[PDB]
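Asker:
Number of protein chains: 8
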Amino acid sequence: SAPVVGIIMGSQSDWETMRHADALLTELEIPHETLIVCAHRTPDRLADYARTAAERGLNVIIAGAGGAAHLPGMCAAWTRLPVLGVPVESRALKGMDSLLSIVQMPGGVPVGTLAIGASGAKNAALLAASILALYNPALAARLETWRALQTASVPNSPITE
Amino acid sequence: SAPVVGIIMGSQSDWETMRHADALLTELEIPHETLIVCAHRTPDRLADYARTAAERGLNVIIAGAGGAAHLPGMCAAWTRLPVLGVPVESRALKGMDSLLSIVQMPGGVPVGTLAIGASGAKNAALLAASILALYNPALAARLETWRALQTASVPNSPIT
Amino acid sequence: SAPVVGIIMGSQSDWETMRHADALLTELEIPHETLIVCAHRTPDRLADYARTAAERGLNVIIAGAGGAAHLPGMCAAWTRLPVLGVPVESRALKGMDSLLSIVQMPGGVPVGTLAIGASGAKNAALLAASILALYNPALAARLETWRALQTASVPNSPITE
Amino acid sequence: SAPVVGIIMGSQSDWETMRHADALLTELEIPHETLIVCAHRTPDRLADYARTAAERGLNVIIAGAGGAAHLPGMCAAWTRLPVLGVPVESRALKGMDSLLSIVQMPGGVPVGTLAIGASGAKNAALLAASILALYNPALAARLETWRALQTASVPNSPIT
Amino acid sequence: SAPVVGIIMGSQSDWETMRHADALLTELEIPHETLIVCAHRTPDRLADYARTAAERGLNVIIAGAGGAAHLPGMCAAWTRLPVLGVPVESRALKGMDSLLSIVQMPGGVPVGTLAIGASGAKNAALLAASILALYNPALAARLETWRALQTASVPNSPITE
Amino acid sequence: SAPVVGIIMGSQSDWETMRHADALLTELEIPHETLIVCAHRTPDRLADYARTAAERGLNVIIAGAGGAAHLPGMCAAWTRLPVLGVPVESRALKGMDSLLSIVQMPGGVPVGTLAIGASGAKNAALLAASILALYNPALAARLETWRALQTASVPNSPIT
Amino acid sequence: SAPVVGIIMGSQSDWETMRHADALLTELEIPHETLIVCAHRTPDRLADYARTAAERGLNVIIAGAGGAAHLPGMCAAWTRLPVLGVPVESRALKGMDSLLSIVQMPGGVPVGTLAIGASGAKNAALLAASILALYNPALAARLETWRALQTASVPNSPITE
Amino acid sequence: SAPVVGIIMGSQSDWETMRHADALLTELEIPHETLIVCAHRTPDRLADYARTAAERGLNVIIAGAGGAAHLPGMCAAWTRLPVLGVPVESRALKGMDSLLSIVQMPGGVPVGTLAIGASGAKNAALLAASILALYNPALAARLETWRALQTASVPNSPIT
Ligand SMILES: [Cl-]
Ligand SMILES: [Cl-]
Ligand SMILES: [Cl-]
Ligand SMILES: [Cl-]
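Chains as they are written, first to last, in the deposited numbering: chain A, 20 to 180; chain B, 20 to 179; chain C, 20 to 180; chain D, 20 to 179; chain E, 20 to 180; chain F, 20 to 179; chain G, 20 to 180; chain H, 20 to 179.
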């Protein structure tokens, strides 16, 4: 029941995107926590969250942010855990500022970055699941079933009417 | 000594970038294989490589490509393993084509994407290490040392 | 009656764009098939479709995809037929990710790329028609008539009221 | 020995790029002509070239241009033949201006667009070959060989 | 009464933008003609329009186009008159394809390019007026009055209520 | 011999670009002046230059600037003369900042914008010439000759 | 009561953005003036405003503009005061033209640039406040309280219902 | 001689850019400190530096970073002082990643951002000077002289 993934985001406005990560983890029966951590308004909260994540039993952090999106990178600065970053779509620049701010981490401090928006949030959860599946056989079986069903469920032709 | 990370790239020209991933894994003593697999020129080679990766004992795949960079995404299509993608810098568009081709995966098939170029290759290896460290205590300790040395080695002032 | 063009796309959401290719082929009386083939969820379906296209009698493949748009390029990897790619407009990046993912094929494996969106789909069908017209006199005459009528139908002045 | 593909470009400076199309067609023994035609400096030359291409026996036109790259689109305006466009890399904008000027054709007048630069020129020639192969069995066999050799020649591992 | 400026555009859809050029010329009492000329569907119409513009008494051409916007550049290829180009906003790429397709004319064949959209159309007309004013004293006086009034009409403070 | 075109630029570094405008005007025997005027470092110099241009007998101003390129727009703010703007290629952003800063003028104050770099400088001079040709028959004839020679001099095939 | 910050913008349309700077200054009890100054239509008004700002007692200028956004840079050309620039979002290019036109000032004439849009306007006011706080103890205390409250007010978790 | 401006940067490689800020402050005789602080490799060093800056007597912080450039924003998160950000030019994306990562701060935590590269570093120092000049009359006079000399030194015509 203890969380093994932490989903963090800077604002309530990010939840519309990050809820897709939350939903997927629940679907795959991966215990997790969901929190707001703002890199710019609560930097000490971030430092403490990231520093202590491993000792609290977290294995993966999924962090979403938009604009000058510093939350994933600063999380990775303080934790040795894998950090996955979700660029949240921004109003003016459509998430391009979010994307570049997250993915372009200089060498030495990684953030595994997913697509802009809801797709990225879903895939961050799936990527987290595939990491956890490496050392959890029951989850690995659930993930295999999930991927197989996704493949089997693709229609053969469009509805052209 | 059986590999647990696979590093794959589309061509010899990608090696100038992907060698940084190889060097990092060797530094952390993570057994790995380093191969050329081209999504466009050797698609069947890719299918076989990705489909069999898990049964061969690989845990993570690091895939580098430039331009219309399809290697990481198509690898992820055939494996349940985590796939990490490195956008190789392209001549004209400086890896922006590489980056968008890799990171903008549809929901359902993830690629964890790193920075354009050598930084991304180094970070893909470190991210692979941080994944393996979750279930390998000796490696977790070496990764802790690596990160601690990185932090401690930053100078306090520039040399003028 | 056997199809000589295959129109393929990754999702039902692509049909709003790809239907314009379908309509134009029908207008020019070019027999064709329309299918969903998702490069990422059904990669073996794609491999089989592309590998066997020539022996099935297809002459041209029109492939549409958005985002990390890999369907046209991977189709071309497996077929010796000409493959035409239509970038489908994406939500955040307005099809720029689609366009670059399709057009920037490194040397050795071509995809002839058309404009982002509905215009591109229509033109992929017209380009396919112009290819087929090289060795089909009746179609060449229909295409000539079509192009001539397009030219003759352009108004001389705008409705300025 | 009558040409069936026309390769046209706006200037001598484009030749560094378009020579890759020329070389590929020669390798596949596809008879072709290689000419300079500038949409902006020689518009009447372009009109005549494009309007008469089909009656001269051309089957495909490959057109390369950079910057405000109008040559492929205007060629397509005057011919019913398939026109393939190669964006030549520009000095400032690295061929992004070339690419958008060529690929964003209005519905009704297509240009099949290839990658920026030398890769695009090579691929325009290969795409022209794949078109001609549909109704030339000997060429189809040579193209099959070309693609098979490309696939088989990819090394399995990088040289370190 | 004979036209001294020609306003040309490729489609009726361009009129929503180009009407602002038309309105400004009329305001400044500059006789002009407004026509549809599509570079891609009616290339011979374009060649004839541009070739004969000077002998027909035109002094300036204002050409608007979007997407792969070739109309202004090809007009300039055939006329020695100054050609002013208006990038029409495009759906996916917001006129960036229009802008680059028009402004990036290689050396030897100029197009004086204005802003994307309605502002650009208005300014093309104003630029045309400033060209004509160099050798028409009555128009020069009207343009001076117009510019002076524009300056005098700027409010001193925003309505902040 | 009184100047009828003014070429202005913000710094000596712009001269590598703007010299192409100067050369073209000299070739067409259009009397002109070539000056440094910086919108940011010498704003009063700019105000005076632009406000007095018409009374000094200038007909067209060609203004080149890079980066946050404000020189053409601010020139146009103070003169009723046509102002043509040349985006100078910038180091980092390759003149895209220059281009947008110049071309995106608000309705009411036009700048006729040319291509990034040397091509734009040459074309600003040619556009100035085409404006002057409307009311100078001898110049119109020289411009006709210039354009005819440009067209006739394009080779028919590349040199291999 | 005399103003120590000037907020200037080129048009009434900019007020929807710049009002956020106005509101924040008022919240922090910083006396200020708000004016329209258009760099292109009223360049002499701009020259006079900027030249005389220091002698009028202003300490900081906040200037907002969109498109070819020259107002902040030209203000800085004429004043020795710090000038802060707010890129106003533009219709076609989403404020990217605004941003590059403001931030890319060559060396020698600075404009401190904030984010595109309302966030940038709010932050220009906050940056102005942090400048004034260096030599106004009462304001420094109000700003400290404001920043502390911002930090304390961040929720711990999203509303996930 | 106690520093009133802090110049910080993530690495030695940033010094080629940030030295221009250092030189300008020295020219205006503004006491300052120049340090390496990396947001990603030394985050605790950053937290301590920023949190204590005001109590140490700093008035302005100038922070330079490239790529995913987080140093200025995170500095601003911990200090009430004005923070000025310099986007360092990155290899692939020419500082566009640097620029967007720095300038697009959320409302509530400002970074005053300057141009990409050396120009931005020089201007961050000048902007810091203009801030300090508000409450230091001798410095205000030196800054007036600096700006006056800049203006007066612009040549009237290019050297050909
Ligand atoms: Cl290092
Ligand atoms: Cl090769
Ligand atoms: Cl030449
Ligand atoms: Cl200097």
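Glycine included, each C-beta is placed from N, C-alpha and C at the ideal position.
At what residues does the beta strand (DSSP E) containing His51/A begin and finish?
Answerer: Walking along the first sequence from the start, residue 51/A turns up at place 32. Residues 51-55.
Asker: Identify the continuous beta strand (DSSP E) that holds residue 190/C and give its terminal residues.
Answerer: Only positions 20 to 180 of chain C appear in the structure, and residue 190/C is not among them; the question remains open.
Asker: Which bits of chain D does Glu163/C rub up against, with CB to CB less than 7 Å?
Answerer: Position 144 of the third sequence, counted from the start, is the residue given in the question as residue 163/C. Chain D residues near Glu163/C: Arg99.
Asker: Work out the CA separation of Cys94/F and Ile150/B for me, nearest whole Å.
Answerer: The residue labelled residue 150/B in the question sits at position 131 within the second sequence. The residue labelled residue 94/F in the question sits at position 75 within the sixth sequence. Approximately 59 Å, taken between the alpha carbons.
Asker: Check whether chain H comes within 9 Å of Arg60/A, counting only Cβ atoms and requiring the distance to be less than that.
Answerer: Position 41 of the first sequence, counting from 1, holds the residue named residue 60/A. At least one chain H Cβ lies under 9 Å of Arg60/A.
Asker: Between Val128/H, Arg166/H, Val105/H, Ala111/H, which has its C-alpha nearest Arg99/H's C-alpha?
Answerer: Reading the eighth sequence from its first residue, position 80 is the one you call residue 99/H. Residue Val128/H is the option with its Cα nearest to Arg99/H.
Asker: Could you check whether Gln123/B and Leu153/C sit closer than 9 Å to each other, using their CB atoms as the reference points?
Answerer: The residue you call residue 153/C lines up with position 134 of the third sequence. The residue you call residue 123/B lines up with position 104 of the second sequence. The answer is no: Cβ separation not under 9 Å.
Asker: Chain C partners of residue 225/E, CB-CB under 7 Å?
Answerer: The structure shown does not extend to residue 225/E, since chain E is modelled only from 20 to 180, so the question has no answer here.
Asker: So, does the region 57-72 of chain G touch the region 129-138 of chain G, judging by three or more C-beta pairs under 8 Å?
Answerer: Too few Cβ pairs lie closer than 8 Å, so no.
Asker: Per the contact definition of three or more C-beta pairs closer than 8 Å, is the region 73-86 of chain A in contact with the region 22-34 of chain B?
Answerer: No: the two stretches stay apart, fewer than three of their Cβ pairs being nearer than 8 Å.
Asker: Count the other C-beta atoms from every protein chain shown that fall within 10 angstroms of the C-beta of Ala84/C, then say buried if there are 16 or more, exposed otherwise.
Answerer: Here the question's residue 84/C lines up with position 65 in the third sequence. By the neighbour-count rule (16 or more Cβ atoms within 10 Å), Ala84/C is buried.
Asker: Buried or exposed: which applies to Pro125/G, given that a residue is buried once 16 or more other Cβ atoms fall within 10 Å of its Cβ?
Answerer: Stepping through the seventh sequence from its first residue, residue 125/G is reached at position 106. Flag for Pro125/G reads buried.
Asker: How many whole angstroms separate the CB atoms of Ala143/B and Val105/B, which I take to be in contact at a CB cut-off of 8 Å?
Answerer: Here residue 143/B is taken as the residue at index 124 of the second sequence, counted from 1. Here residue 105/B is taken as the residue at index 86 of the second sequence, counted from 1. Their Cβ separation, rounded to whole angstroms, is 5 Å, which keeps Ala143/B and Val105/B in contact under 8 Å.
Asker: With the cut-off set at 9 Å, would you say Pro174/G and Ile27/A are in Cβ contact?
Answerer: Counting from 1 along the seventh sequence, the entry for residue 174/G is found at position 155. Counting from 1 along the first sequence, the entry for residue 27/A is found at position 8. For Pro174/G and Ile27/A, no; Cβs fall outside 9 Å.
Asker: So which of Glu46/F, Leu43/F, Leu44/F, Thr53/F has the shortest CA-CA distance to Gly29/F?
Answerer: Along the sixth sequence, read from residue 1 onward, the residue named residue 29/F stands at position 10. Answer by Cα proximity: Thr53/F.
Asker: Looking at the strands, I want to know which residues DSSP matches up with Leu103/F.
Answerer: The residue labelled residue 103/F in the question sits at position 84 within the sixth sequence. Answer is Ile81/F, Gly131/F.
Asker: Check whether the Cβ of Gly136/B sits closer than 8 Å to any heavy atom of ligand 3, and report yes or no.
Answerer: The sequence position of residue 136/B within the second sequence is 117, counting from 1. The answer is no for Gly136/B.
Asker: Roughly how many whole angstroms lie between the Cα atoms of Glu46/C and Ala171/C?
Answerer: In the third sequence, residue 46/C corresponds to position 27, counting from 1. In the third sequence, residue 171/C corresponds to position 152, counting from 1. Taking the straight line from one Cα to the other gives about 18 Å.
Asker: Out of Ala69/C, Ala148/C, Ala96/C, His39/C, which one is the CA nearest neighbour of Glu48/C?
Answerer: In the third sequence, the residue the question calls residue 48/C occupies position 29. Selected option, being the one with the closest Cα: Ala148/C.
Asker: Are the Cβ atoms of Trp34/B and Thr179/D separated by less than 9 Å?
Answerer: In the second sequence, residue 34/B corresponds to position 15, counting from 1. In the fourth sequence, residue 179/D corresponds to position 160, counting from 1. Yes. Within cutoff.
Asker: Taking the beta carbon of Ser32/F as the centre, do at least 16 other beta carbons fall within 10 Å, making it buried, or is it exposed?
Answerer: If you number the sixth sequence from 1, residue 32/F lands on position 13. Exposed, because fewer than 16 other Cβ atoms sit within 10 Å of the Cβ of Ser32/F.
Asker: For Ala87/F, which residues of its own chain have a beta-carbon under 6 Å away from its beta-carbon, when the five flanking residues on both sides are left out?
Answerer: Residue 87/F sits at position 68 when you count from the first residue of the sixth sequence. Closer than 6 Å at the Cβ level, and outside the excluded window around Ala87/F, lie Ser120.
Asker: In three-state DSSP terms, what is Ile178/E?
Answerer: Within the fifth sequence, residue 178/E is the residue found at index 159, counting from 1. Note: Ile178/E maps to coil in three-state DSSP.
Asker: According to DSSP, is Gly25/D part of a helix, a strand, or is it coil?
Answerer: Start at 1 with the first residue of the fourth sequence, and residue 25/D comes out as number 6. In this structure, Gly25/D counts as strand in the three-state DSSP scheme.
Asker: Got a sec, what are the start and stop residues for the alpha helix (DSSP H) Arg38/A sits in?
Answerer: For the purposes of this step, residue 38/A is identified with residue 19 of the first sequence, where counting begins at 1. Run containing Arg38/A: 34-46, per the alpha helix (DSSP H) assignment.
Asker: Would a C-beta distance cut-off of 9 Å place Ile81/A and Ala137/A closer than the cut-off?
Answerer: Sequence index remark: in the first sequence, residue 81/A carries index 62 (1-based). Sequence index remark: in the first sequence, residue 137/A carries index 118 (1-based). No, they are not a contact pair.
Asker: Quick check: does the Cβ of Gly126/E come within less than 8 Å of any heavy atom belonging to ligand 3?
Answerer: Here residue 126/E refers to the residue found at position 107 when the fifth sequence is read from its first residue. Yes, the Cβ of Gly126/E comes within 8 Å of a heavy atom of ligand 3.
Asker: Excluding the 5 residues flanking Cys57/D on each side, which residues of the same chain have their C-beta closer than 6 Å to its C-beta?
Answerer: Start at 1 with the first residue of the fourth sequence, and residue 57/D comes out as number 38. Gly29.
Asker: I need the straight-line Cα distance from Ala69/F to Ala42/G, nearest angstrom please.
Answerer: Translated into positions along the sixth sequence, residue 69/F becomes position 50. Translated into positions along the seventh sequence, residue 42/G becomes position 23. Their backbone Cα atoms lie some 38 Å apart in a straight line.
Asker: So, helix, strand or coil for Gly92/E, using DSSP?
Answerer: Position 73 of the fifth sequence, counting from 1, holds the residue named residue 92/E. Three-state DSSP puts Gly92/E in a helix.
Asker: What's the gap between the Cα of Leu90/C and the Cα of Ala96/C?
Answerer: Residue mapping note: residue 90/C aligns to position 71 of the third sequence, counting from 1. Residue mapping note: residue 96/C aligns to position 77 of the third sequence, counting from 1. About 10 Å.
Asker: For chain D, is any of its Cβ atoms less than 9 Å away from the one on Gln123/F?
Answerer: In the sixth sequence, counting from the first residue as 1, residue 123/F sits at position 104. Output row for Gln123/F: interface = no.
Asker: Using a Cβ-Cβ cut-off of 7 Å (strictly less than) and excluding sequence neighbours within five positions of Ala140/E, which residues of its own chain qualify?
Answerer: On the fifth sequence, residue 140/E is found 121 positions in, with the first residue counted as 1. Excluding sequence neighbours, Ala140/E sits near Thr36, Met37, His39, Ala40, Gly83, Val105.
Asker: If you reduce the DSSP assignment to three classes, tell me which class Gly139/H lands in.
Answerer: Looking up residue 139/H in the eighth sequence gives position 120. Of the three classes helix, strand and coil, the one that applies to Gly139/H here is helix, per DSSP.
Asker: Near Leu146/C, which residues of its chain fall below 8 Å by C-beta distance, leaving aside the five closest residues on each side in sequence?
Answerer: Position 127 of the third sequence, counted from the first residue, corresponds to residue 146/C. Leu103, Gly131, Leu133.
Asker: List, in order along the chain, the chain H residues whose C-beta lies closer than 7 Å to that of residue 19/A?
Answerer: Here chain A comprises residues numbered 20 to 180, so residue 19/A is not present and cannot be evaluated.
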